[PDB]
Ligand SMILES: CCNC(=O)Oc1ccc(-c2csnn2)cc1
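Here you get one chain, nothing else, as C-alpha cells; it is the form deposited without the ligand.
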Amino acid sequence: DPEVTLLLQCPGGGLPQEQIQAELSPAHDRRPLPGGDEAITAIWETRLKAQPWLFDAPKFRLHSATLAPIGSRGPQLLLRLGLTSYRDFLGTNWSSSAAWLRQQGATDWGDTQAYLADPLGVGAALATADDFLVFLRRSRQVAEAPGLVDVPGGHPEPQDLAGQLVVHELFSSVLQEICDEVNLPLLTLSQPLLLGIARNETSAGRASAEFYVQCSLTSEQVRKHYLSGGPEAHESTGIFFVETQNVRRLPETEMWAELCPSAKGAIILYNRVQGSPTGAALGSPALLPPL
C-alpha cells in the first residue's frame, strides 16, 4: 500500500490520554522555503481572488513522536508538535511542486518534511455495541479524495505544562468530530485510545493520529442518528457498517481500492493494535480462523 506508511504503532492495545506528553515548540515549525514564503502568499492571493469566502485557520504540525521502552512506567509517548495553517498547507503539501520541496528538505536539513506544513489530522475506528466499524462516503465535489470512503475525523484547530492541554484538545477533538458528523450524543462514546500515527504519501507525507472509540449504540441506532440530522447536518453523502469480523481481511476486498489513505491508516492500525490477539484463548483456531 504505497499511499500509507506507519510512523507509530502504540503498545498495550492503544494509549489513553494520561500516558501521553506533548512538547509544543517553535523548534517543531516548518522551515521557511529556500526562495522565501512569498511563494505561499502568492498561491493564497490567487485562491482568495477566485473564492473570497475562504478563511485561514491554525493547525497543529507533527514534527515527530517518540515511544518509551515497552513495559515501562510513566509517560509512554512524547509528541513533538509545532504550529502551521490551512494557508501553509495549500502552498506546500497541496502544491504541484510538493515532491521538489521534499527533495530540497532531504538535501538542506536531512528531513523530507522540513519545508512542508504537515497539518496533523485525527481519525477514529468507531465500533458499535453490535460489533461493526462505521464508514462515511465522501462527496464527489470536494477537492481531496472525492467520492472515496472515509472514517470519522478532521484537522483540529489550536485553542507538559501547556503540553497536557494540547493532548486534551487532540482527544477532545476526535469525539467532537464524531458528534458533529455522525450526530451521536457525547455520552454514548468511550474515552479514545490512540492506536498509532499514519502518513498519507499522496499528500506529501502529512500524518493523522488514529484513535479507537467504542459507542454504546447499535449500528441501527447510529444510522438513525446520522440520517435524522438531514442532508445539511453532515459533509458526507452516506454512512455504512462492516462487521469487526470482516475488517480483518478488508485489504483483500474491492472496498480497499475506494478507501482514502487516512482511513486505510485507521483500519491497518485497528487490525494490528485492537485485532491480532496475543493470548491462548483469543488465539485458538475456532476464534482466530487461519488464512
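So that there is no doubt, residue numbering starts at 1 and follows the sequence shown.
Only in words, not in the display: the form solved in complex with the ligand, which the text now covers.
Enquirer: Would you point out which of 176-184, 97-105, 214-222, 189-197 contains residues with a non-hydrogen atom within 4.5 Å of the ligand in the bound PDB entry?
Expert: Looking at the other structure, the answer is 176-184.
Enquirer: Of these, 127, 204, 136, 167, which has a heavy atom no more than 4.5 Å from the ligand in the bound PDB entry?
Expert: Flagged contact: 136.
Enquirer: Under a 4.5 Å heavy atom criterion, is residue 154 part of the interface with the ligand in the bound PDB entry?
Expert: Yes - in the bound PDB entry, heavy atoms of residue 154 and the ligand come within 4.5 Å of each other.
Enquirer: Heavy atom to heavy atom, is residue 45 within 4.5 Å of the ligand in the bound PDB entry?
Expert: No.
Enquirer: May I ask you to check whether residue 162 falls inside a 4.5 Å heavy atom distance of the ligand in the bound PDB entry?
Expert: Looking in the bound PDB entry, residue contacts with the ligand do not include residue 162, since no heavy atom lies within 4.5 Å.
Enquirer: Give a yes/no on whether residue 235 approaches the ligand to within 4.5 Å in the bound PDB entry, heavy atoms considered.
Expert: Residue 235 belongs to the contact set for the ligand.
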